[PDB]
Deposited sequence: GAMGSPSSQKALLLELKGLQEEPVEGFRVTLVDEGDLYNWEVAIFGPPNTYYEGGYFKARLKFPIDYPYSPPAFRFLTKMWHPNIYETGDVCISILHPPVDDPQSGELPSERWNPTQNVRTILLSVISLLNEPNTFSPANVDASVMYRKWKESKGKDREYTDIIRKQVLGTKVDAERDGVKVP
């Protein structure tokens, strides 16, 4: 039996018993231990509030000696998230056999809340964000886009029977 199996079943249980705030973790519908659904809710008092965003963790067979891959399925406009959904996360500071899903999920919240415009993944989002912060949020173009995606997700919430 793969060492990964037991490490993932334990990590799944830990996260369903003590969730990271805003995240809800399950397997995909076919029950593949190695492919997790991640449901992410925008927190109150942010432009993401009321959001329902979906992402995926794909784990290798040798986890935790190699890192999972993380990808948004929801389209997202952010200096650090690619067109594809892939994400800008160093720890994927670098990966260790002692890092774990809980740390990955917190480093997503950290990428979310504080964009790095130094090495952007989405260069137009990145320059549009610097301009937004420059204006001390007086300029509405970046938050217009986020607001639209957030409202869009209410369709996904409804298709999935969630629960915002």
Checklist outcome for this item: Residues of the deposited sequence that never got C-alpha coordinates are 1 to 4, 97 to 110, 183
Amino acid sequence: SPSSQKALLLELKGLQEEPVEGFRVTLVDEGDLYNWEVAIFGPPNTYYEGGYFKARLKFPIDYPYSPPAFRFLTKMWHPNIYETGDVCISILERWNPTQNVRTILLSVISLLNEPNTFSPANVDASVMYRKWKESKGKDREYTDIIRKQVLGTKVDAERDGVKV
From here on, numbers count along this sequence of modelled residues.
Checklist entry - Of the other entries that cover residues on both sides, do at least a third skip residue 86? => result no
Checklist entry - For residue 36, does the count of other compared entries lacking it reach at least a third? => result no
Checklist entry - With respect to the recorded C-alpha B factors, which stretch has the higher mean value, 122 to 130 or 29 to 37? => result 122 to 130
Item to check | 132 to 140 versus 109 to 117 - which carries the larger mean C-alpha B factor in the record | outcome: 132 to 140
Checklist outcome for this item: Highest CA B factor of 63, 70, 95, 52, as deposited, is found at 95
Next on the checklist: Which third, lowest, middle or highest, does the C-alpha temperature factor of residue 80 belong to within its own chain?
Outcome noted: middle
Next on the checklist: Per the entry's values, where does residue 11 land by CA temperature factor relative to the rest of its chain, in the lowest, middle or highest third?
Outcome noted: lowest
